[PDB]
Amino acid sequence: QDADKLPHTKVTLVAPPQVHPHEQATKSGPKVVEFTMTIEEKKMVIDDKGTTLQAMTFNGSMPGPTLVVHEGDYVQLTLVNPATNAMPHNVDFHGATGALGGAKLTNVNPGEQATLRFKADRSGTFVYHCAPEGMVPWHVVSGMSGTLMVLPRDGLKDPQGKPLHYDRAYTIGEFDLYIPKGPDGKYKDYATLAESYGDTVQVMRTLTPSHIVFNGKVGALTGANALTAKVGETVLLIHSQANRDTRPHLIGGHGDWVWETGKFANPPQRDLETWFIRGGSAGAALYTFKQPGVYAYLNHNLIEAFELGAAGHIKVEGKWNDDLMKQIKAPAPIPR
């Protein structure tokens, strides 16, 4: 169908790690789904010792919000760059076809907005990110990425075509940060975004992140902000990394069904311990919780996770299952 003749619907986005309400399988026909995002440049505290990032965001968050449509829908995004920002921006949707993912049609200087439509003709989780000519990596590594999820119109399916359904979706964006240090060995704090550029590029070129964070800060997804679930609930964990590879893992769990390349027309793999999100992509994993407790969800380069920040928590309520796991003998003195 010609999108000019299709029904339009507007979606209200929600901040990560939540995902806006949506159907999985749907009876709806194709629609033009309208979204708006407003770019916000801001200084963010990214760790527990006060380090700041001169950040750049879609909608005020790292990652930007997840946009969910169904295959055959059209995404119609209004991208707003307020006059309070300093830099030009745009958006490149990996789910889109043509014009550098839309970037060529969405160059917005501060004070401008633009509206792009594209057909979401391929199912999967797809990165979107800013990509202004001449400063693409800087915008991405400063925070400007998120996920478009294009669900099959009949929902997710296993390799045999059986329906998969999730009760809750969470979106995790993992950001490799390149925060400069000065000659005194301390991270630099910059008064403006532009002042951070040259020093950051030099760090970028070392390919060694200073920090690797989920959702904008060390510990973002811990404490009051841990993800939650219950025994018996099936969760979809969407993981995006717009610049650098990562290897997600749920400690004490699995990926029951995983699309690590993120494209739902391909059969998922089952029983994964750790999966692999290629830099420049989003993937997705389903897991049904079977044990209560506080899980970690992390990048299983354990240095990247525990030293650099790429780890969060999932607090799960419910009944312990001794068939799956039992402490036979608690820690005690070695028998003589």
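Basically, rigid core = biggest C-alpha set you can superpose within 1.5 Å across the two forms. Throughout, we count residues from 1 along the sequence that is shown.
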Comparing 218-226 with 241-249, which has C-alphas lying farther from the shown form in 4 other deposited structures of this protein once the core is aligned?
-> 218-226
Averaging C-alpha B-factors over each stretch, which comes out higher, 186-194 or 245-253?
-> 186-194
Taking the recorded C-alpha temperature factors, which stretch has the higher mean, 122-130 or 160-168?
-> 160-168
According to the deposited entry, which of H300, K49, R278, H70 has the largest Cα B-factor?
-> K49
Tell me which of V150, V213, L236, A265 tops the list for C-alpha B factor in the record.
-> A265
Going by the recorded CA B-factors, say which third of the chain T26 sits in, lowest, middle or highest.
-> highest
Where the record places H94 (Cα B-factor, split into thirds across the chain) = lowest
Thinking about Cα B factors across the chain, which third does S240 belong to?
-> lowest
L53 - Cα temperature factor, lowest/middle/highest third of chain | middle
Going by the entry, which third of its chain does the Cα temperature factor of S145 land in?
-> lowest
